[PDB]
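Below sits a lone chain in structure tokens, taken as the form deposited in one PDB entry.
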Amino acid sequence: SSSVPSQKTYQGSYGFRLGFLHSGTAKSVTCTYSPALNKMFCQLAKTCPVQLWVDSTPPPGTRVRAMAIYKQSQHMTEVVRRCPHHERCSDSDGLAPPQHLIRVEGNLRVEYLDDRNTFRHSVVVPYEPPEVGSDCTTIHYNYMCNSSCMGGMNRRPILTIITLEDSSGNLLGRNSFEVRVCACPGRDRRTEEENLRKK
């Protein structure tokens, strides 16, 4: 009955884990991931590659959902949406609704969904197994507002929750990670890791 999706890591029967690319720590790198914070730092609308790893191939018709929630207890109830400014700027690829924060690029079967009870947005693609001789598949996500956007995330941290779901909407696996969308992900990742260390 909670309207807040769970964020609990659940590797599940198929051994579901996420993977992220080692990037530069240059000031304005487009996407970078901090293991220490379990946090992705990225620029608005740039490609954020996320690897899916499983120990065993899930059943056919399995789906991959991405949803954002505010991380802080104080904001968890609020639906993460795009700010009014970016919602009106007609940057849609034709598939993604202007209100949705998370897009998937380069997938012909993407679906953008809206929970009729919680009003929360999400973007779903079918799960595909890796090519023979590869260990993972990679989804290219895009975040369409900055963390700081007035009237949107308004500087609040979010978590992206990725779930592996069988065809019948049951939970196969869940992982999550924090996201900051910002102008200078390298600077900001360095600042946050140093702040963690300093205090």
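All residue numbers refer to positions in the sequence shown, first residue = 1.
When the C-alpha B-factors of 125-133 and 73-81 are averaged, 125-133 comes out higher. Taking only CA atoms, the mean B-factor in the PDB entry is higher for 59-67 than for the other of 38-46 and 59-67. Remark: of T160, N146, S28, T138, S28 shows the highest value [criterion: C-alpha B-factor in the PDB entry]. For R116, the recorded CA temperature factor ranks within the highest third of the chain's modelled residues.
Annotation for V110: C-alpha temperature factor in the lowest third relative to the rest of the modelled chain, per the entry. Annotation for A183: CA B-factor lies in the middle third of the chain's modelled residues.
Ranked by C-alpha B-factor against the other modelled residues of its chain, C89 falls in the highest third. Ranked by Cα temperature factor within the chain, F177 sits in the lowest third according to the deposited record.
Below, we refer to the form solved in complex with a partner chain, which is not included among the displayed structures.
In the deposited bound form, the partner chain sits within 4.5 Å of a heavy atom belonging to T163.
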